[PDB]
file work.txt (compact mmCIF, C-alpha atoms and all ligand atoms)
# COMPACT_ATOMS: atom_id res chain seq x y z
CA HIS B 1 54.88 -37.90 -71.40
CA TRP B 2 53.41 -34.89 -73.15
CA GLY B 3 52.22 -35.08 -76.71
CA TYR B 4 49.22 -34.26 -78.89
CA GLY B 5 46.87 -37.13 -78.09
CA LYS B 6 43.58 -37.14 -76.14
CA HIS B 7 45.32 -38.14 -72.97
CA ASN B 8 48.52 -36.11 -73.11
CA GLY B 9 47.63 -33.19 -75.38
CA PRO B 10 47.62 -29.41 -74.90
CA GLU B 11 44.79 -29.44 -72.34
CA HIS B 12 46.96 -31.67 -70.08
CA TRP B 13 50.27 -29.85 -70.35
CA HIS B 14 49.65 -27.49 -67.42
CA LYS B 15 49.94 -30.37 -64.96
CA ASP B 16 53.65 -30.90 -65.68
CA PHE B 17 54.27 -27.33 -67.00
CA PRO B 18 52.21 -24.86 -64.94
CA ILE B 19 53.50 -21.99 -67.10
CA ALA B 20 51.02 -23.30 -69.66
CA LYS B 21 48.52 -20.94 -67.96
CA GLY B 22 51.02 -18.06 -67.84
CA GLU B 23 50.82 -14.43 -68.79
CA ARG B 24 52.54 -14.57 -72.19
CA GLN B 25 51.71 -17.94 -73.76
CA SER B 26 51.73 -18.77 -77.47
CA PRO B 27 50.32 -19.18 -79.99
CA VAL B 28 47.61 -16.48 -80.15
CA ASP B 29 45.02 -15.35 -82.64
CA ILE B 30 46.18 -12.31 -84.57
CA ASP B 31 43.26 -9.96 -84.84
CA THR B 32 44.31 -7.95 -87.86
CA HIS B 33 41.99 -5.02 -87.21
CA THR B 34 43.24 -4.65 -83.59
CA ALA B 35 46.97 -4.98 -84.30
CA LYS B 36 48.52 -1.56 -84.45
CA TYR B 37 51.00 -0.33 -86.98
CA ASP B 38 54.20 0.65 -85.14
CA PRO B 39 56.15 3.04 -87.41
CA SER B 40 59.15 2.78 -85.11
CA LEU B 41 59.69 -0.91 -85.96
CA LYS B 42 62.72 -1.37 -88.24
CA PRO B 43 62.66 -3.64 -91.26
CA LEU B 44 63.67 -7.20 -90.53
CA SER B 45 67.14 -8.31 -91.49
CA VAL B 46 67.25 -11.99 -92.38
CA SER B 47 70.84 -12.95 -93.22
CA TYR B 48 70.90 -16.59 -94.26
CA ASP B 49 73.53 -16.62 -97.09
CA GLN B 50 76.15 -18.37 -94.86
CA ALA B 51 73.74 -20.83 -93.19
CA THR B 52 75.20 -24.27 -92.52
CA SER B 53 72.55 -26.94 -92.11
CA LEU B 54 73.81 -30.19 -90.56
CA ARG B 55 71.15 -32.73 -89.78
CA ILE B 56 67.44 -33.50 -89.70
CA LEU B 57 65.93 -35.20 -86.66
CA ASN B 58 62.49 -36.74 -85.92
CA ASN B 59 62.20 -35.86 -82.19
CA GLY B 60 58.84 -37.59 -81.70
CA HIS B 61 56.82 -34.39 -81.98
CA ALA B 62 58.07 -32.78 -85.19
CA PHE B 63 61.21 -32.83 -87.34
CA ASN B 64 64.02 -30.34 -86.71
CA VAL B 65 66.41 -29.16 -89.43
CA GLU B 66 69.49 -28.24 -87.39
CA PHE B 67 72.17 -25.66 -88.18
CA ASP B 68 75.70 -24.89 -87.03
CA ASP B 69 75.11 -22.12 -84.51
CA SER B 70 78.66 -22.00 -83.12
CA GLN B 71 79.32 -18.86 -85.19
CA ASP B 72 77.23 -15.98 -86.56
CA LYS B 73 76.44 -17.71 -89.88
CA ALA B 74 72.70 -17.25 -90.25
CA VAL B 75 71.24 -14.42 -88.21
CA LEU B 76 68.08 -12.50 -87.62
CA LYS B 77 68.22 -8.87 -86.56
CA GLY B 78 66.26 -5.64 -86.80
CA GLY B 79 62.51 -5.49 -86.57
CA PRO B 80 61.52 -5.43 -82.87
CA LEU B 81 64.85 -7.02 -81.97
CA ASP B 82 67.79 -5.59 -80.06
CA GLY B 83 70.99 -7.40 -80.99
CA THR B 84 71.76 -10.48 -83.01
CA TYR B 85 69.90 -13.78 -82.97
CA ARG B 86 71.44 -16.95 -84.43
CA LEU B 87 69.51 -19.57 -86.32
CA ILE B 88 69.63 -22.91 -84.53
CA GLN B 89 66.90 -24.94 -86.22
CA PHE B 90 63.61 -24.88 -88.01
CA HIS B 91 60.59 -27.14 -87.78
CA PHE B 92 56.93 -27.15 -88.68
CA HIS B 93 53.55 -27.73 -87.09
CA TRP B 94 50.87 -29.22 -89.34
CA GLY B 95 47.47 -30.81 -89.49
CA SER B 96 45.67 -33.96 -90.59
CA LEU B 97 43.56 -31.87 -93.00
CA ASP B 98 44.42 -28.75 -95.03
CA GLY B 99 42.02 -26.64 -92.91
CA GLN B 100 44.06 -26.92 -89.75
CA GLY B 101 47.66 -27.17 -88.63
CA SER B 102 48.91 -23.68 -87.90
CA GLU B 103 49.41 -22.53 -84.29
CA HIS B 104 48.94 -18.82 -84.83
CA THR B 105 45.68 -17.92 -86.51
CA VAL B 106 44.76 -14.75 -88.45
CA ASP B 107 41.28 -13.44 -87.67
CA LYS B 108 40.60 -17.01 -86.45
CA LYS B 109 41.77 -18.47 -89.82
CA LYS B 110 43.87 -21.63 -89.51
CA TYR B 111 46.49 -22.44 -92.14
CA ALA B 112 47.59 -25.95 -93.18
CA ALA B 113 50.93 -25.62 -91.38
CA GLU B 114 53.33 -23.21 -89.75
CA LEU B 115 57.10 -23.00 -90.06
CA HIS B 116 59.16 -21.88 -87.06
CA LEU B 117 62.70 -20.63 -87.73
CA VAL B 118 64.21 -20.57 -84.25
CA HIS B 119 66.93 -18.11 -83.27
CA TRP B 120 68.68 -17.33 -79.98
CA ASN B 121 70.09 -14.06 -78.65
CA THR B 122 73.86 -14.26 -78.82
CA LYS B 123 74.28 -12.08 -75.74
CA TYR B 124 73.30 -15.16 -73.74
CA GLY B 125 76.05 -17.36 -75.19
CA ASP B 126 74.10 -20.60 -75.67
CA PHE B 127 70.54 -21.69 -76.43
CA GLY B 128 70.03 -23.27 -73.02
CA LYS B 129 70.79 -19.98 -71.29
CA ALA B 130 68.78 -17.98 -73.84
CA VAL B 131 65.52 -19.87 -73.16
CA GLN B 132 65.73 -18.73 -69.52
CA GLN B 133 65.52 -15.07 -70.58
CA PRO B 134 62.46 -13.00 -71.57
CA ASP B 135 64.26 -11.85 -74.73
CA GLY B 136 66.18 -15.05 -75.33
CA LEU B 137 64.64 -16.29 -78.58
CA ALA B 138 63.24 -14.84 -81.77
CA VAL B 139 61.03 -17.17 -83.73
CA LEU B 140 60.12 -16.30 -87.33
CA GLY B 141 56.75 -17.85 -88.01
CA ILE B 142 55.60 -18.45 -91.57
CA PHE B 143 52.21 -19.82 -92.58
CA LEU B 144 51.79 -22.56 -95.20
CA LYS B 145 48.75 -22.82 -97.44
CA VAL B 146 48.13 -25.63 -99.91
CA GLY B 147 48.30 -24.73 -103.61
CA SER B 148 51.40 -24.60 -105.76
CA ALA B 149 54.55 -26.41 -104.70
CA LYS B 150 57.34 -24.65 -102.86
CA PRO B 151 60.44 -25.74 -104.74
CA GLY B 152 62.78 -24.88 -101.88
CA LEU B 153 60.86 -27.24 -99.57
CA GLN B 154 61.29 -30.31 -101.72
CA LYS B 155 64.72 -31.36 -100.41
CA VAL B 156 63.15 -31.45 -96.93
CA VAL B 157 60.17 -33.51 -98.14
CA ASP B 158 62.36 -36.03 -99.91
CA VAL B 159 64.48 -36.91 -96.84
CA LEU B 160 61.45 -37.59 -94.57
CA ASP B 161 61.29 -41.28 -95.58
CA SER B 162 64.66 -41.74 -93.90
CA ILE B 163 63.49 -40.30 -90.56
CA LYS B 164 60.05 -41.78 -90.36
CA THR B 165 60.08 -42.66 -86.69
CA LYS B 166 61.02 -41.00 -83.40
CA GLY B 167 64.74 -40.72 -82.77
CA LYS B 168 65.84 -41.17 -86.36
CA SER B 169 68.16 -38.62 -87.87
CA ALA B 170 69.85 -38.08 -91.20
CA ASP B 171 72.68 -35.97 -92.58
CA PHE B 172 71.16 -32.79 -94.06
CA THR B 173 73.91 -30.49 -95.23
CA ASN B 174 73.85 -27.58 -97.67
CA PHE B 175 70.16 -26.79 -97.27
CA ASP B 176 69.35 -23.13 -97.91
CA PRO B 177 66.51 -21.82 -95.74
CA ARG B 178 66.11 -18.74 -97.98
CA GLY B 179 64.05 -21.02 -100.22
CA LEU B 180 61.36 -21.21 -97.55
CA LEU B 181 60.66 -17.45 -97.31
CA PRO B 182 57.78 -15.59 -98.95
CA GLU B 183 58.44 -12.44 -101.01
CA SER B 184 57.37 -9.94 -98.37
CA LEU B 185 58.83 -9.60 -94.86
CA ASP B 186 55.82 -7.64 -93.51
CA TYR B 187 55.07 -9.04 -90.07
CA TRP B 188 53.21 -8.96 -86.78
CA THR B 189 55.16 -9.14 -83.52
CA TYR B 190 54.34 -9.81 -79.87
CA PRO B 191 56.03 -11.28 -76.78
CA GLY B 192 55.24 -14.93 -76.12
CA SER B 193 56.42 -18.43 -75.48
CA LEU B 194 57.50 -21.72 -76.91
CA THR B 195 54.40 -23.57 -78.12
CA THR B 196 55.56 -26.96 -76.83
CA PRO B 197 56.71 -27.91 -73.39
CA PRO B 198 58.62 -26.49 -71.60
CA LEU B 199 56.43 -23.54 -72.76
CA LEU B 200 59.06 -21.07 -71.66
CA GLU B 201 58.17 -17.39 -71.95
CA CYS B 202 61.33 -16.44 -73.81
CA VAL B 203 60.18 -15.67 -77.38
CA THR B 204 59.81 -12.50 -79.41
CA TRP B 205 57.40 -13.74 -82.08
CA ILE B 206 57.76 -12.37 -85.59
CA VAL B 207 54.92 -13.79 -87.75
CA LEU B 208 55.03 -13.02 -91.44
CA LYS B 209 51.80 -11.80 -93.04
CA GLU B 210 52.43 -13.51 -96.41
CA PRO B 211 52.03 -17.31 -96.36
CA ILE B 212 54.07 -19.59 -98.58
CA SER B 213 52.30 -22.06 -100.85
CA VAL B 214 53.15 -25.74 -100.69
CA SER B 215 51.58 -28.54 -102.75
CA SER B 216 49.13 -31.12 -101.51
CA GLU B 217 51.79 -33.77 -102.27
CA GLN B 218 54.31 -31.91 -100.11
CA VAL B 219 52.09 -31.67 -97.04
CA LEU B 220 50.88 -35.26 -97.56
CA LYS B 221 54.48 -36.35 -97.04
CA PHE B 222 54.68 -34.52 -93.70
CA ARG B 223 51.62 -36.55 -92.65
CA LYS B 224 53.41 -39.85 -93.33
CA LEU B 225 55.86 -39.27 -90.51
CA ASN B 226 55.37 -41.14 -87.23
CA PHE B 227 55.22 -39.94 -83.61
CA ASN B 228 56.15 -43.48 -82.51
CA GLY B 229 59.55 -45.18 -82.54
CA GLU B 230 60.57 -47.93 -84.97
CA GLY B 231 58.89 -51.24 -84.15
CA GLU B 232 55.93 -49.59 -82.44
CA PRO B 233 52.32 -49.35 -83.62
CA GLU B 234 52.02 -46.60 -86.16
CA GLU B 235 50.78 -43.23 -84.98
CA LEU B 236 50.82 -40.69 -87.80
CA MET B 237 52.58 -37.44 -86.97
CA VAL B 238 49.68 -35.04 -87.62
CA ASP B 239 47.98 -32.22 -85.67
CA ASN B 240 51.17 -31.40 -83.74
CA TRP B 241 49.89 -27.88 -83.04
CA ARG B 242 48.82 -26.04 -79.91
CA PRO B 243 45.66 -23.96 -80.24
CA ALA B 244 45.48 -20.22 -79.60
CA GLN B 245 46.02 -19.08 -76.01
CA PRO B 246 44.64 -15.99 -74.23
CA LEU B 247 46.25 -12.71 -75.30
CA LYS B 248 46.06 -11.32 -71.76
CA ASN B 249 48.02 -8.13 -71.25
CA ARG B 250 49.61 -7.90 -74.72
CA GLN B 251 49.36 -5.84 -77.89
CA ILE B 252 50.26 -7.26 -81.25
CA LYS B 253 52.17 -4.75 -83.38
CA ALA B 254 52.28 -4.62 -87.20
CA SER B 255 55.26 -3.59 -89.29
CA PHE B 256 52.96 -2.46 -92.09
CA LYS B 257 49.89 -0.33 -92.71
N1 LIG D 301 62.93 -28.39 -80.35
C1 LIG D 301 62.57 -27.55 -79.66
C2 LIG D 301 62.09 -26.42 -78.73
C3 LIG D 301 62.68 -26.62 -77.32
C4 LIG D 301 62.69 -27.93 -76.74
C5 LIG D 301 63.21 -28.15 -75.47
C6 LIG D 301 63.74 -27.03 -74.73
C7 LIG D 301 63.71 -25.73 -75.30
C8 LIG D 301 63.19 -25.50 -76.57
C9 LIG D 301 62.52 -25.15 -79.30
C10 LIG D 301 61.72 -24.71 -80.49
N2 LIG D 301 60.31 -25.01 -80.30
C11 LIG D 301 59.33 -24.07 -80.68
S1 LIG D 301 59.76 -22.62 -81.55
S2 LIG D 301 57.69 -24.62 -80.83
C12 LIG D 301 59.96 -26.36 -79.93
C13 LIG D 301 60.64 -26.59 -78.64
ZN ZN D 302 57.34 -24.57 -83.11
call {"tool": "encode", "arguments": {"input": "work.txt", "output": "structure tokens", "more": "lines below"}}
Ligand SMILES: N#CC1(c2ccccc2)CCN(C(=S)S)CC1
Ligand SMILES: [Zn+2]
result
Amino acid sequence: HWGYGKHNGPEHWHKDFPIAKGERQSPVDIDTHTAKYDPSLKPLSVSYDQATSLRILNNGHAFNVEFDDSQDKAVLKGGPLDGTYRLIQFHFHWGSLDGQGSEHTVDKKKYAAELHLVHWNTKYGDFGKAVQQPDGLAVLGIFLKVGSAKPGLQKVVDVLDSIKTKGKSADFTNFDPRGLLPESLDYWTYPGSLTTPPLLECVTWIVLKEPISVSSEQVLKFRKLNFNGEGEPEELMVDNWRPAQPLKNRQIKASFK
């Protein structure tokens, strides 16, 4: 099965998922000097005050913080987006070392990790339908750098011991994802894909320019998770990122000058 090892990693994925070599794959390098300011882009609207988190799951490739998406409770709109996109979950991609871990890069710079807040277009009724559409998802990508602690991340860090291995989940109610956002909502946007199999080309990417800072202790706790199941040889959950893919026939737009 696919993963991030030498024998089943990103360079292998195309064999089971031929779309891996498609025309709008993610992540990509964001060349800041080539991205064009688009004055017609609207400001983002991130409405998370009514978010209802439910559970945290180690799915064997990352951990997902899941939300109740059966009503418009936490939504993303505006920016490049037409309509309303509901928050379903967030997860991260991170490295074994502070110098790698992000999927998107900025002028080839890699960050220590990258947060993906995943939202689906409500005009498609459910997430499974939405991923089959070119405008089905909007993913808000936020870079993490190591420095000062992010206080709003700590509740996530502290539950990881309870979901160390693949398939473990834990109750995770009343978590406020507003505590994971940087001050500025300036962003780059482009059409792309999921960055894990099934690699579906259904994502409007919205990548924030301003990283959040997390502490070395916080990211060290991510790196204590396991890709393996309980009672299996330990394989640390690290370097669960896909490298940058060809930009092909796409332009990255900036919301800012
Ligand atoms: N979990 C999960 C994802 C998934 C998994 C199976 C089918 C469709 C989507 C959605 C969010 N993902 C990205 S934003 S990288 C990871 C893959
Ligand atoms: Zn992701």
call {"tool": "residues_around", "arguments": {"input": "work.txt", "residues": "residue 186 in chain B", "least_positions_apart": "3", "cutoff": "7 Å", "atoms": "all atoms listed in the file", "output": "ChimeraX atom specification"}}
result
/B:208-209,255-256
call {"tool": "atom_distance", "arguments": {"input": "work.txt", "atom1": "CA of residue 228 in chain B", "atom2": "CA of residue 166 in chain B"}}
result
5.5 Å
call {"tool": "closest_residue", "arguments": {"input": "work.txt", "among": "B:137, B:194, B:87, B:130", "to": "ligand LIG 301 (chain D)", "atoms": "all atoms listed in the file"}}
result
B:194
call {"tool": "closest_atom_pairs", "arguments": {"input": "work.txt", "of": "chain B", "to": "ligand LIG 301 (chain D)", "cutoff": "7 Å", "atoms": "all atoms listed in the file", "output": "Markdown table"}}
result
| residue | atom | partner | partner_atom | distance |
| --- | --- | --- | --- | --- |
| B:64 | CA | D:LIG301 | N1 | 6.7 |
| B:116 | CA | D:LIG301 | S1 | 5.6 |
| B:118 | CA | D:LIG301 | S1 | 5.6 |
| B:131 | CA | D:LIG301 | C7 | 6.5 |
| B:139 | CA | D:LIG301 | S1 | 6.0 |
| B:194 | CA | D:LIG301 | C11 | 4.8 |
| B:195 | CA | D:LIG301 | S2 | 4.4 |
| B:196 | CA | D:LIG301 | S2 | 5.1 |
| B:197 | CA | D:LIG301 | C13 | 6.7 |
| B:198 | CA | D:LIG301 | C6 | 6.0 |
call {"tool": "write_last_selection", "arguments": {"input": "work.txt", "atoms": "C-alpha atoms", "output": "PDB file, keeping the file's coordinate frame"}}
result
ATOM      1  CA  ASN B  64      64.020 -30.340 -86.710  1.00  0.00           C
ATOM      2  CA  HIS B 116      59.160 -21.880 -87.060  1.00  0.00           C
ATOM      3  CA  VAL B 118      64.210 -20.570 -84.250  1.00  0.00           C
ATOM      4  CA  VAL B 131      65.520 -19.870 -73.160  1.00  0.00           C
ATOM      5  CA  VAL B 139      61.030 -17.170 -83.730  1.00  0.00           C
ATOM      6  CA  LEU B 194      57.500 -21.720 -76.910  1.00  0.00           C
ATOM      7  CA  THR B 195      54.400 -23.570 -78.120  1.00  0.00           C
ATOM      8  CA  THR B 196      55.560 -26.960 -76.830  1.00  0.00           C
ATOM      9  CA  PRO B 197      56.710 -27.910 -73.390  1.00  0.00           C
ATOM     10  CA  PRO B 198      58.620 -26.490 -71.600  1.00  0.00           C
TER      11      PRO B 198
END
call {"tool": "residues_near_ligand", "arguments": {"input": "work.txt", "ligand": "ligand ZN 302 (chain D)", "cutoff": "10 Å", "atoms": "all atoms listed in the file", "output": "number ranges by chain"}}
result
B: 26-27, 61-62, 64, 90-93, 102-103, 114-118, 139-141, 193-196, 240-242
call {"tool": "closest_residue", "arguments": {"input": "work.txt", "among": "B:152, B:39, B:192, B:22", "to": "residue 213 in chain B", "atoms": "all atoms listed in the file"}}
result
B:152
call {"tool": "closest_residue", "arguments": {"input": "work.txt", "among": "B:173, B:32, B:122, B:58", "to": "residue 71 in chain B", "atoms": "only C-alpha atoms"}}
result
B:122
call {"tool": "closest_residue", "arguments": {"input": "work.txt", "among": "B:212, B:237, B:200, B:207", "to": "residue 105 in chain B", "atoms": "all atoms listed in the file"}}
result
B:207
call {"tool": "closest_residue", "arguments": {"input": "work.txt", "among": "B:104, B:86, B:155, B:6", "to": "residue 74 in chain B", "atoms": "all atoms listed in the file"}}
result
B:86
call {"tool": "closest_residue", "arguments": {"input": "work.txt", "among": "B:220, B:199, B:236, B:88", "to": "residue 16 in chain B", "atoms": "all atoms listed in the file"}}
result
B:199
call {"tool": "atom_distance", "arguments": {"input": "work.txt", "atom1": "CA of residue 111 in chain B", "atom2": "CA of residue 98 in chain B"}}
result
7.2 Å
call {"tool": "residues_around", "arguments": {"input": "work.txt", "residues": "residue 124 in chain B", "least_positions_apart": "4", "cutoff": "12 Å", "atoms": "all atoms listed in the file", "output": "tab-separated table (two decimals) with C-alpha atoms, keeping the file's coordinate frame"}}
result
chain	number	residue	atom	x	y	z
B	83	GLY	CA	70.99	-7.40	-80.99
B	84	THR	CA	71.76	-10.48	-83.01
B	85	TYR	CA	69.90	-13.78	-82.97
B	86	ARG	CA	71.44	-16.95	-84.43
B	119	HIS	CA	66.93	-18.11	-83.27
B	120	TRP	CA	68.68	-17.33	-79.98
B	128	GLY	CA	70.03	-23.27	-73.02
B	129	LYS	CA	70.79	-19.98	-71.29
B	130	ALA	CA	68.78	-17.98	-73.84
B	131	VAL	CA	65.52	-19.87	-73.16
B	132	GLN	CA	65.73	-18.73	-69.52
B	133	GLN	CA	65.52	-15.07	-70.58
B	134	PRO	CA	62.46	-13.00	-71.57
B	135	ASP	CA	64.26	-11.85	-74.73
B	136	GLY	CA	66.18	-15.05	-75.33
B	137	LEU	CA	64.64	-16.29	-78.58
call {"tool": "residues_around", "arguments": {"input": "work.txt", "residues": "residue 214 in chain B", "least_positions_apart": "6", "cutoff": "12 Å", "atoms": "only C-alpha atoms", "output": "ChimeraX atom specification"}}
result
/B:98,111-115,142-154,157,179-182,220-222
call {"tool": "write_last_selection", "arguments": {"input": "work.txt", "atoms": "C-alpha atoms", "output": "PDB file, in the frame of the given file"}}
result
ATOM      1  CA  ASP B  98      44.420 -28.750 -95.030  1.00  0.00           C
ATOM      2  CA  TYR B 111      46.490 -22.440 -92.140  1.00  0.00           C
ATOM      3  CA  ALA B 112      47.590 -25.950 -93.180  1.00  0.00           C
ATOM      4  CA  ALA B 113      50.930 -25.620 -91.380  1.00  0.00           C
ATOM      5  CA  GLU B 114      53.330 -23.210 -89.750  1.00  0.00           C
ATOM      6  CA  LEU B 115      57.100 -23.000 -90.060  1.00  0.00           C
ATOM      7  CA  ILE B 142      55.600 -18.450 -91.570  1.00  0.00           C
ATOM      8  CA  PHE B 143      52.210 -19.820 -92.580  1.00  0.00           C
ATOM      9  CA  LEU B 144      51.790 -22.560 -95.200  1.00  0.00           C
ATOM     10  CA  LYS B 145      48.750 -22.820 -97.440  1.00  0.00           C
ATOM     11  CA  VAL B 146      48.130 -25.630 -99.910  1.00  0.00           C
ATOM     12  CA  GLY B 147      48.300 -24.730-103.610  1.00  0.00           C
ATOM     13  CA  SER B 148      51.400 -24.600-105.760  1.00  0.00           C
ATOM     14  CA  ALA B 149      54.550 -26.410-104.700  1.00  0.00           C
ATOM     15  CA  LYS B 150      57.340 -24.650-102.860  1.00  0.00           C
ATOM     16  CA  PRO B 151      60.440 -25.740-104.740  1.00  0.00           C
ATOM     17  CA  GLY B 152      62.780 -24.880-101.880  1.00  0.00           C
ATOM     18  CA  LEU B 153      60.860 -27.240 -99.570  1.00  0.00           C
ATOM     19  CA  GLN B 154      61.290 -30.310-101.720  1.00  0.00           C
ATOM     20  CA  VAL B 157      60.170 -33.510 -98.140  1.00  0.00           C
ATOM     21  CA  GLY B 179      64.050 -21.020-100.220  1.00  0.00           C
ATOM     22  CA  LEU B 180      61.360 -21.210 -97.550  1.00  0.00           C
ATOM     23  CA  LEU B 181      60.660 -17.450 -97.310  1.00  0.00           C
ATOM     24  CA  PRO B 182      57.780 -15.590 -98.950  1.00  0.00           C
ATOM     25  CA  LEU B 220      50.880 -35.260 -97.560  1.00  0.00           C
ATOM     26  CA  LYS B 221      54.480 -36.350 -97.040  1.00  0.00           C
ATOM     27  CA  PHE B 222      54.680 -34.520 -93.700  1.00  0.00           C
TER      28      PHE B 222
END
call {"tool": "residues_around", "arguments": {"input": "work.txt", "residues": "residue 257 in chain B", "least_positions_apart": "6", "cutoff": "9 Å", "atoms": "all atoms listed in the file", "output": "VMD selection string"}}
result
chain B and resid 36 to 39
call {"tool": "residues_near_point", "arguments": {"input": "work.txt", "point": "(50.6, -34.1, -75.4)", "cutoff": "9 Å", "atoms": "all atoms listed in the file", "output": "tab-separated table (two decimals) with C-alpha atoms, in the frame of the given file"}}
result
chain	number	residue	atom	x	y	z
B	1	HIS	CA	54.88	-37.90	-71.40
B	2	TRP	CA	53.41	-34.89	-73.15
B	3	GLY	CA	52.22	-35.08	-76.71
B	4	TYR	CA	49.22	-34.26	-78.89
B	5	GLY	CA	46.87	-37.13	-78.09
B	6	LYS	CA	43.58	-37.14	-76.14
B	7	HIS	CA	45.32	-38.14	-72.97
B	8	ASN	CA	48.52	-36.11	-73.11
B	9	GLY	CA	47.63	-33.19	-75.38
B	10	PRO	CA	47.62	-29.41	-74.90
B	11	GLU	CA	44.79	-29.44	-72.34
B	12	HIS	CA	46.96	-31.67	-70.08
B	13	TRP	CA	50.27	-29.85	-70.35
B	196	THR	CA	55.56	-26.96	-76.83
B	197	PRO	CA	56.71	-27.91	-73.39
B	240	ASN	CA	51.17	-31.40	-83.74
call {"tool": "atom_distance", "arguments": {"input": "work.txt", "atom1": "CA of residue 24 in chain B", "atom2": "CA of residue 248 in chain B"}}
result
7.3 Å
call {"tool": "residues_around", "arguments": {"input": "work.txt", "residues": "residue 65 in chain B", "least_positions_apart": "6", "cutoff": "8 Å", "atoms": "all atoms listed in the file", "output": "list in words"}}
result
residues 53, 54, 55, 56, 57, 89, 90, 91 and 172 of chain B
